[PDB]
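Asker: Requesting a structural model of the entry that follows:
(chains A, B, C, D, E and F, ligands or ions: 94)
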Amino acid sequence: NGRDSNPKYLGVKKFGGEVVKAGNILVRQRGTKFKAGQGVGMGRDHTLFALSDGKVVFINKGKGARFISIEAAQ
Amino acid sequence: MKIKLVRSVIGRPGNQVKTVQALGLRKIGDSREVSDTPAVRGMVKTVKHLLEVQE
Amino acid sequence: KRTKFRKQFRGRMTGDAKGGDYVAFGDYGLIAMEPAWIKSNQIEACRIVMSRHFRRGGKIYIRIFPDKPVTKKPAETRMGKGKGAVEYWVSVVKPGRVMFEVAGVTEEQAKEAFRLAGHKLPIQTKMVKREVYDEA
RNA sequence: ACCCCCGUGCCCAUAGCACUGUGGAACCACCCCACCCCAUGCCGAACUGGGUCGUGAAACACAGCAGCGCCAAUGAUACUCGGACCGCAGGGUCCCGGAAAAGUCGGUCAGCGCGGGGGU
RNA sequence: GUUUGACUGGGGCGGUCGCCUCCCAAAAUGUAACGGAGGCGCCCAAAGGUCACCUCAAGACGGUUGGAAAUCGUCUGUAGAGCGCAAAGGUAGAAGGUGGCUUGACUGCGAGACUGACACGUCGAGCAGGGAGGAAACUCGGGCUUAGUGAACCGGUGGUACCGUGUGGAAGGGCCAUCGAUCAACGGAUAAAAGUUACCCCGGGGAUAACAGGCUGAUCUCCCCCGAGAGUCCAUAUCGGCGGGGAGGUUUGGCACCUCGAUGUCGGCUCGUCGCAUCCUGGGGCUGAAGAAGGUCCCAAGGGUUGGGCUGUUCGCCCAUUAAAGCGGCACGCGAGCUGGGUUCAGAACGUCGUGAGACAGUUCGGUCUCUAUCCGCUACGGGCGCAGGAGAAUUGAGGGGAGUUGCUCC
RNA sequence: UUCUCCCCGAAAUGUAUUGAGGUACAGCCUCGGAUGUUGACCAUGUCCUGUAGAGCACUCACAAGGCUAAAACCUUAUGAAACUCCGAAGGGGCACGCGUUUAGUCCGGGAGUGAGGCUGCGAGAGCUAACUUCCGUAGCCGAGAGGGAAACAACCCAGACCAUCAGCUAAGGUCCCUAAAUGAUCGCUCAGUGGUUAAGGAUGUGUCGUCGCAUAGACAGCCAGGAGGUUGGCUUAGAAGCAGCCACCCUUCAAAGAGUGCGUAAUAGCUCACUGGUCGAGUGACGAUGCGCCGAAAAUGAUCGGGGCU
Ligand SMILES: [Mg+2]
Ligand SMILES: [Mg+2]
Ligand SMILES: [Mg+2]
Ligand SMILES: [Mg+2]
Ligand SMILES: [Mg+2]
Ligand SMILES: [Mg+2]
Ligand SMILES: [Mg+2]
Ligand SMILES: [Mg+2]
Ligand SMILES: [Mg+2]
Ligand SMILES: [Mg+2]
Ligand SMILES: [Mg+2]
Ligand SMILES: [Mg+2]
Ligand SMILES: [Mg+2]
Ligand SMILES: [Mg+2]
Ligand SMILES: [Mg+2]
Ligand SMILES: [Mg+2]
Ligand SMILES: [Mg+2]
Ligand SMILES: [Mg+2]
Ligand SMILES: [Mg+2]
Ligand SMILES: [Mg+2]
Ligand SMILES: [Mg+2]
Ligand SMILES: [Mg+2]
Ligand SMILES: [Mg+2]
Ligand SMILES: [Mg+2]
Ligand SMILES: [Mg+2]
Ligand SMILES: [Mg+2]
Ligand SMILES: [Mg+2]
Ligand SMILES: [Mg+2]
Ligand SMILES: [Mg+2]
Ligand SMILES: [Mg+2]
Ligand SMILES: [Mg+2]
Ligand SMILES: [Mg+2]
Ligand SMILES: [Mg+2]
Ligand SMILES: [Mg+2]
Ligand SMILES: [Mg+2]
Ligand SMILES: [Mg+2]
Ligand SMILES: [Mg+2]
Ligand SMILES: [Mg+2]
Ligand SMILES: [Mg+2]
Ligand SMILES: [Mg+2]
Ligand SMILES: [Mg+2]
Ligand SMILES: [Mg+2]
Ligand SMILES: [Mg+2]
Ligand SMILES: [Mg+2]
Ligand SMILES: [Mg+2]
Ligand SMILES: [Mg+2]
Ligand SMILES: [Mg+2]
Ligand SMILES: [Mg+2]
Ligand SMILES: [Mg+2]
Ligand SMILES: [Mg+2]
Ligand SMILES: [Mg+2]
Ligand SMILES: [Mg+2]
Ligand SMILES: [Mg+2]
Ligand SMILES: [Mg+2]
Ligand SMILES: [Mg+2]
Ligand SMILES: [Mg+2]
Ligand SMILES: [Mg+2]
Ligand SMILES: [Mg+2]
Ligand SMILES: [Mg+2]
Ligand SMILES: [Mg+2]
Ligand SMILES: [Mg+2]
Ligand SMILES: [Mg+2]
Ligand SMILES: [Mg+2]
Ligand SMILES: [Mg+2]
Ligand SMILES: [Mg+2]
Ligand SMILES: [Mg+2]
Ligand SMILES: [Mg+2]
Ligand SMILES: [Mg+2]
Ligand SMILES: [Mg+2]
Ligand SMILES: [Mg+2]
Ligand SMILES: [Mg+2]
Ligand SMILES: [Mg+2]
Ligand SMILES: [Mg+2]
Ligand SMILES: [Mg+2]
Ligand SMILES: [Mg+2]
Ligand SMILES: [Mg+2]
Ligand SMILES: [Mg+2]
Ligand SMILES: [Mg+2]
Ligand SMILES: [Mg+2]
Ligand SMILES: [Mg+2]
Ligand SMILES: [Mg+2]
Ligand SMILES: [Mg+2]
Ligand SMILES: [Mg+2]
Ligand SMILES: [Mg+2]
Ligand SMILES: [Mg+2]
Ligand SMILES: [Mg+2]
Ligand SMILES: [Mg+2]
Ligand SMILES: [Mg+2]
Ligand SMILES: [Mg+2]
Ligand SMILES: [Mg+2]
Ligand SMILES: [Mg+2]
Ligand SMILES: [Mg+2]
Ligand SMILES: [Mg+2]
Ligand SMILES: [Mg+2]
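Answerer: Residues are numbered from 1 along each chain as shown, chains lettered A, B, ... in the order given. Ligands and ions are numbered 1, 2, ... in the order given. Right below this line is the structure:
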């Protein structure tokens, strides 16, 4: 009635204004606190990862619906 | 922008210590002449209780 | 007194109260000055005193309520299994919080009734009539 | 160039709801019919296929309006990085910057593109 | 011959040991407790691929069985539902509810990243072979995610044709699939294992219990505030509900700080000495104090505080007295001072428990208490020097010790 | 577990363990090589977060009313580790240096450490106990001498290369023991408070406010007075101002209230409120604070370190 618990690191991993290489993981989350943006892909656990290299950037609108996205260099 | 140490590093937190070390002061009674550019103003503000800022 | 409710046990610390600094109901009000827990029978003794002095008449409101469980380990054991399942319910009380307030009783009799009730509370406390008030 | 309609985006409640008024032969809408393309775990109600008329009834479009939502200051306070203290303790104070939540004043019933249709 | 886990506010009994979710966790991640709550060791050939369509809970009014909730109809209706199991995030342009065809619940790979001491674990664009659904863009290498798990060794089965001891074979082995793990103590000592010791031994520990001391003061003891009532009447002569605040440190305890290269433990005896919260005596107030005899509170620690029966007892009950038969501290004072009755060694017995060896909350008869005091402290007794000459006597008293109780009768 | 001086200098954490006072890996130390400012601090830009606070919009809890077949629903009103319409200060990543400093990283040889301790802040367990226990965070001890804190690892100041019968300062101090003003000014407490807690209690005292009564002559003193209904109704055996229950109405006045306290089972009796004379100026009740008072009893001899200080 006490002994139990468990430890699974989660969170944003690549924050806005950072230069991700493509295939980088940018957020680990359990649901859709972030929705995959333009240039972003989301795997089974709703991880968001770079589709192509660029500047990571965040779009915030109402915390029901914000999105991570890539603005490529060049 | 004259400065000197007038209180020891010892027994003071880490940022205060490394900041004293950045400003160029390594002994009480050291003095120095520092430019007024924002980051140096921020350093000499961060540890202003250790320093007798001249004016 | 005891609530009919939810999770058995809790924690504890403090900061000045917000949820009732002003006397809405009634005329006069006794009011806490210190941050103790108040809990159950302490209040109920306040209630039974004032109801003796006043009843057949007056309106008695108890704006405070034994929300918070508090625990006692058994008897005499070492720091052992878990915490102790029961013991008494309390109400945290911060200064400016209003515990009591009478209605339909003359100023002086409310003085004497607040005096009796406050002679059995862990905190010292001060009474007041309601100044001008806002918050509606 | 002015007007309005049909689509369609950016922005997605300061742009939403309620009460109200205005539109029909431009446009949209209801509407008529349906054995079949097609289709409802029963019903062409909805998808669907052929078309007037009629009617803007409902819908939709536009306009009014601040009852409701939504936005939301200033003053101050809570709390607090840092600095220095008190109380035996619960707990409290001071100087220095940072600074809410709520609530009051007020603000709104949007704003900005692309096209195509039809008016003048 | 051996085995007979670990954690553990001493050990044992109990509980726990891997994995998921939330709080603790101090707005990054991480973070302990025998902290607070709850779940997993599965499930689904469709609850999966894809492709098409539908939208929930709840309420109100109205209606056949009904009669709060069934079924049907209108209205309101960011979700108050649903999502196979827990909870959390997420979710209505669905991940929810239904139908169509289907297996991508793929083979060979893997840019680049999350996470871990390692070994593990997670996500993943994109390339080829070949498919599935869609008209198409395109989506598919199991499931809305997060638990449904097990290294290695040793082996069962099916492919493959690497090895194969002179040569060609075959036996045997290897490579690719795959079967065998409450190895749950869940990073898993052997393929294979329980007890007991009071007959006990060794190495260690004050890293850790029993005594005592310490810290604390829940429990214990004691005192104060209020004043409901009792006291015929009157709260406070006495008593004082329900509640509040303190003191002490003598109880049981918590904690584990010095002592495990030893700080001897119950009770008695002996010897004392201290506190005062005073049993007696002494002085006071008040009284529901006429006197007498009392009640209770205040001052007061000089002295005093009996002898027996029972029991190891401390206590406590009793006998017969008393002015009184006080309560505590002093390592629960005092074993290099005595007992040794009590409990903690070996024998033996009963009751009980254990198949046993043995055990105890026990009960019972028996059972080695170490001639020489170095220092300090104490009681007594001398020697030396000093006390401005050397001698014999008499002495002041700075200061210090002892003593200090009480009845009875009579006027 | 033995000879010297010189340079640097840790660990008592993490995960695993028939593991727990052992050991492996990592972490932190040192040495040599390589790079060669990538390190540190502080600033601006940008992004992330749900704590402090707050709030009831959901879940649970919950206080007084309204409507009502109680549920919902309206006004008023609260609590929250496992609630959140909101939500800071701070904190983390990245870039840049717009600016100061001096480390950082990679490679290879040698390690030790894996028993920690205290305090402040943030929590849990515990009594909001412990020189308590388990985490987080800062600093000291550990391995830190020196000055202060009587004495005292940890608290305050400050990091000891060697010499000096030179100087300046920190915390902390300036009557004597003791270096240094028996200093200066405006105050406060007469308790040795200072130099030992609280509920509670009190005309201690100094400072401020808020209220009333008044010199057309008030507060306390003194003389005179103290109503008739009515033994107000119930009440009880009796309760007549005064055991307890319903009110507090009229006549007169300058006027004495079905009325405050003592008395007696009940009465009576004595005084109270309000009204006069003579005084004769302040007086009375609340409330905030400064410093003091009581509340305040343990054991071998006392004391603030001592003398002693108003
Ligand atoms: Mg400091
Ligand atoms: Mg507080
Ligand atoms: Mg505060
Ligand atoms: Mg409020
Ligand atoms: Mg349109
Ligand atoms: Mg309309
Ligand atoms: Mg026309
Ligand atoms: Mg039709
Ligand atoms: Mg119309
Ligand atoms: Mg402001
Ligand atoms: Mg600052
Ligand atoms: Mg601070
Ligand atoms: Mg401020
Ligand atoms: Mg606001
Ligand atoms: Mg409009
Ligand atoms: Mg146009
Ligand atoms: Mg052997
Ligand atoms: Mg063990
Ligand atoms: Mg259990
Ligand atoms: Mg965190
Ligand atoms: Mg944090
Ligand atoms: Mg830890
Ligand atoms: Mg807990
Ligand atoms: Mg779907
Ligand atoms: Mg096809
Ligand atoms: Mg793929
Ligand atoms: Mg084979
Ligand atoms: Mg051969
Ligand atoms: Mg073969
Ligand atoms: Mg293990
Ligand atoms: Mg094995
Ligand atoms: Mg075994
Ligand atoms: Mg025997
Ligand atoms: Mg033998
Ligand atoms: Mg031994
Ligand atoms: Mg030893
Ligand atoms: Mg110890
Ligand atoms: Mg141990
Ligand atoms: Mg012993
Ligand atoms: Mg004991
Ligand atoms: Mg002990
Ligand atoms: Mg000892
Ligand atoms: Mg008590
Ligand atoms: Mg003890
Ligand atoms: Mg310890
Ligand atoms: Mg010894
Ligand atoms: Mg013993
Ligand atoms: Mg006495
Ligand atoms: Mg006497
Ligand atoms: Mg007498
Ligand atoms: Mg006797
Ligand atoms: Mg005999
Ligand atoms: Mg004695
Ligand atoms: Mg004892
Ligand atoms: Mg003894
Ligand atoms: Mg002996
Ligand atoms: Mg014996
Ligand atoms: Mg038997
Ligand atoms: Mg014999
Ligand atoms: Mg014997
Ligand atoms: Mg001899
Ligand atoms: Mg002579
Ligand atoms: Mg003498
Ligand atoms: Mg002498
Ligand atoms: Mg060094
Ligand atoms: Mg592990
Ligand atoms: Mg270890
Ligand atoms: Mg190592
Ligand atoms: Mg090097
Ligand atoms: Mg770098
Ligand atoms: Mg740099
Ligand atoms: Mg809070
Ligand atoms: Mg708002
Ligand atoms: Mg530079
Ligand atoms: Mg190495
Ligand atoms: Mg070497
Ligand atoms: Mg350790
Ligand atoms: Mg630690
Ligand atoms: Mg607790
Ligand atoms: Mg400790
Ligand atoms: Mg050490
Ligand atoms: Mg030192
Ligand atoms: Mg150090
Ligand atoms: Mg020192
Ligand atoms: Mg000293
Ligand atoms: Mg001291
Ligand atoms: Mg110490
Ligand atoms: Mg030392
Ligand atoms: Mg000087
Ligand atoms: Mg000074
Ligand atoms: Mg001097
Ligand atoms: Mg002076
Ligand atoms: Mg007081
Ligand atoms: Mg007087």
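
Asker: With RNA strand F in mind, check whether stretch C:114-127 reaches it.
Answerer: Yes: interface with RNA strand F: stretch C:114-127 contributes C:118-119, C:124, C:126 (CB under 7 Å from any atom of the strand). Placement of C-beta: from N, CA and C, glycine included.

Asker: Sort out which residues of that stretch are buried, please.
Answerer: C:114, C:117-118, C:121, C:123, C:125, C:127 (16 or more other CB atoms under 10 Å in any protein chain shown).

Asker: Now residue 53: closest residue in space that isn't a chain neighbour?
Answerer: Picked chain A for this. Residue nearest to residue A:53 in three dimensions, not counting chain neighbours: residue A:22, with 4.5 Å by CB to CB, 6 or more residues apart in numbering or on different chains.

Asker: my bad, chain C
Answerer: Residue nearest to residue C:53 in three dimensions, not counting chain neighbours: residue C:113, with 4.6 Å by CB to CB, 6+ apart.

Asker: can you list contacts of the host helix or strand of that neighbour?
Answerer: Following DSSP states H and E, the helix or strand that holds residue C:113 is helix C:107-118. Applying CB atoms under 8 Å, 6 or more residues apart in numbering or on different chains, the external contacts of helix C:107-118 come out as C:27-28, C:30, C:45-46, C:49-50, C:53-54, C:100, C:102, C:105, C:124-125, C:127, C:129.

Asker: Including distance to RNA strand E, could the residues of stretch C:114-127 next to RNA strand F go into a markdown table?
Answerer: Formatted as a markdown table, those follow (distance: CB to the nearest atom of the strand, whole Å):
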| residue | distance to RNA strand E |
| --- | --- |
| C:118 | 9 |
| C:119 | 4 |
| C:124 | 9 |
| C:126 | 15 |
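
Asker: can you name the two of those residues that are farthest apart?
Answerer: Across the residues of stretch C:114-127 next to RNA strand F, no pair lies farther apart than C:119 and C:126, at 13.8 Å, counting by CB to CB.

Asker: Do any residues in stretch B:17-32 lie close to RNA strand D?
Answerer: No: judged by CB under 7 Å from any atom of the strand, stretch B:17-32 stays clear of RNA strand D, getting no closer than 10.9 Å.

Asker: Stretch B:40-49 now?
Answerer: Yes: shown here: stretch B:40-49 in contact with RNA strand D (CB under 7 Å from any atom of the strand) through residue B:49.

Asker: chain center to that stretch: distance?
Answerer: Between the centre of stretch B:40-49 and the centre of its chain there are 6 Å (CA atoms, centre = their mean, to the nearest Å).

Asker: residues in contact with it?
Answerer: B:1, B:3, B:7, B:15-16, B:19-20, B:22-23, B:34, B:51, B:53.

Asker: so where does residue B:54 fall, helix or strand?
Answerer: Going by DSSP H and E, residue B:54 is not in any helix or strand.

Asker: next one: residue B:3
Answerer: Per DSSP H and E: strand B:2-4 holds residue B:3.

Asker: re earlier: these two touch, right, the residue nearest to residue A:53 and residue A:40?
Answerer: No: applying CB atoms under 8 Å, one finds residue A:22 not in contact with residue A:40, separated by 10.7 Å.

Asker: give me the residue from chain B nearest ligand 2.
Answerer: residue B:13 (25.6 Å; CB to the ion).

Asker: Around RNA strand F, pick out the residues from chain B.
Answerer: Counting by CB under 7 Å from any atom of the strand, chain B sits next to RNA strand F at B:7-15, B:17-19, B:21-24, B:26-28, B:34-35, B:37-43, B:45-46.
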